[PDB]
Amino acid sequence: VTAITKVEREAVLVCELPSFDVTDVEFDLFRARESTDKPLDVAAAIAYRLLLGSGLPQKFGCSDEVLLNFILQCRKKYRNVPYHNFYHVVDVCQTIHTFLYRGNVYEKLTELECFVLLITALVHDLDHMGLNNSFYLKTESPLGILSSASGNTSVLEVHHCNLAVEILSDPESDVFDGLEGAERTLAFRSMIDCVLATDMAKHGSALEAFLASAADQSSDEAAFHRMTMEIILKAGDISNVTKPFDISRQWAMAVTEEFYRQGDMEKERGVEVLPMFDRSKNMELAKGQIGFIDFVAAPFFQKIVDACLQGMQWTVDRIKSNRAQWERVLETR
C-alpha cells in the first residue's frame, strides 16, 4: 500500500527540534507546530524521537526504517480536523510516555506492553472525521449501519482498529514483525483491546473493572496488565486537563470547535443537537472545562492514582490547579 519513500522519510529525519525535551510533562506540542512551516514533519519527528529514545523498538527487532514508515503511514490516515488529527495522537503518545517513565507506570507492565501502548497511541483515532459515534447512528450513516448490523456500537473504534491492522500487514511498516507466536498475538490483542476501550460509552465500566482488579491481590495477572494498558490509553486520551493551563486551554479550543461543526452538520441533517455541540450558545469555555473536570477527569485520575498509580499524582494536582484557574476566570469576569 502506497509506500512512504525517502522523500517523505528524510523530510522528517532533517527535523531536530532543539528547543524542547519531548520527555517532559510540560512539553508543548503547540510551540513545536508554530515553530516551523512543516508542523506535520515536526510532529512525526517527535513521535519518531520518543519511540527511538525508549529503546523499545530496537528490543523487539523493529529497525528505525520500519518505525518511521509506520508513523508516516499513520499520518496519512489522519485527517485535517480541529482536534482529532495527527497532533492529538502524537500528544497521546507523548503523554503516555510521561505516565510510563515519569509516573513509573512502566513498573506495572512488561516492555512489550509499554512498546505496544506507545504504538497504540498513534493508531487510536485513525481516519477520525470530526464526528462522534452518536452522529453515525443518528444520521443512519453507512458506518453506523455496518456497526449496528455487525453487533458493535463502537463505530469509530472498530474503524480505527481496521485501519491499524491494515498498516501492520505490510512488513516495511509493521512494527511487530519481530514478534513471534504468543508475543505477536498479545501485541495485536492488546492494541485492539486498548483502542476499543477508548469509547467513552464504556468509561464507567472500564474504570470500575480496573479498580476492582487493582484492589484484588488475587486478580488474574494477565487481566490486570491488560486493564492497566486500557486505563493508560484512556488516561492519555483525557489528559488535556492535566497539562499546563495554557496548553490545556488550546486543547479545549480545538475540541470546542470540532464539536460545534458536528452540531452544524446535525442541524442541516435535521437530527438531534445536544447543548454542547451548539454554536448558538457562546457556551463559556470555563464552565465546560469545569464540568469536564468534575464529572469525568478529576474522579478518574484521583481514583486510579489512589488504587494503584501513585507515581501520577501530578495529574491530580494539575487538574486541581487548572480547575482553580477556570474558577478565577469566572470570579473576575
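What we label the rigid core is the largest C-alpha set whose atoms superpose within 1.5 Å from one form to the other. Residue numbers here begin at 1 and follow the sequence given.
Here 54-62 and 279-287 are scored by the root mean square distance of their C-alpha atoms in 9 other deposited structures of this protein, with each structure fitted by the rigid core; the higher score goes to 279-287. Between 306-314 and 9-17, the higher mean Cα B-factor belongs to 9-17.
When the C-alpha B-factors of 165-173 and 204-212 are averaged, 165-173 comes out higher.
Of the residues listed, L146, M229, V123, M129, the entry assigns the biggest Cα temperature factor to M129. When the modelled residues of the chain are ordered by their C-alpha B factor, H160 lands in the lowest third.
Ranked by C-alpha B-factor against the other modelled residues of its chain, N152 falls in the highest third. In this PDB entry, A182 carries a Cα temperature factor that places it within the middle third of its chain's modelled residues.
Residue-level temperature factors show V255 in the highest third of its chain, judged at the C-alpha atom. When all modelled residues of the chain are sorted by CA temperature factor, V273 is found within the highest third.
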